[PDB]
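To begin, one chain is listed below as structure tokens, in the form deposited in one PDB entry.
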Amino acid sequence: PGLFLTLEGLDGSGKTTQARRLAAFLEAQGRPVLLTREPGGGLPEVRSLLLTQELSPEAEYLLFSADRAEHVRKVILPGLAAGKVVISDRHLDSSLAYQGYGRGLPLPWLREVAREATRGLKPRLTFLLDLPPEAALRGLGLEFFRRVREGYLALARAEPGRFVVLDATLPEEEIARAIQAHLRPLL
């Protein structure tokens, strides 16, 4: 049947390390796992273009959406179909937090765009590594990042049965054990 898990948070929140540690945990249990990420899991050139390219919020979101649609169709759904636990480092919630709450696009339109792109797929659990922007390991520019951080927390409190919010400043090993604890009833 497979199981779709995601990790979310600011760049430097540790969600990339935790995604790796989660995959390793599953490997040690003998559970087939596929680790992937956005942007670029669908369309690698989208990732490379957006390193440098300045774009409107709409166009940025739509490029990210094209990547996500191809990611869903070619990577995630086929992995789930083989009964893998598929872990994505970032998924739709990243666009909602960054292009929505950060850059100001309205969530209902963002979700309508995503509806066909994601084909009704939803993460069973989403681990949000929360910390303030000043704690991310990787004045005025921080206002955006605080909108993003708050936007994530807004998403989480709207879906408390999907989000698990973790103190990203805790030791790496302890965050990983918290993740495992939340996940264990679902395997």
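Residue positions are given as counts along the sequence shown, with the first one as 1.
Here the subject shifts to the form solved in complex with a small molecule, a form of this protein not shown in this document.
Residue 166 within 4.5 Å of the small molecule in the deposited bound form, heavy atoms: No, no contact at 4.5 Å.
Contact label in the deposited bound form: residue 175 to the small molecule, heavy atom within 4.5 Å: Result yes; residue 175 sits at the interface with the small molecule in the deposited bound form.
4.5 Å heavy atom contact, residue 137 and the small molecule in the deposited bound form: Residue 137: yes, in contact with the small molecule in the deposited bound form.
Distance check, residue 22 to the small molecule in the deposited bound form, heavy atom within 4.5 Å: Outside the cut-off, so no.
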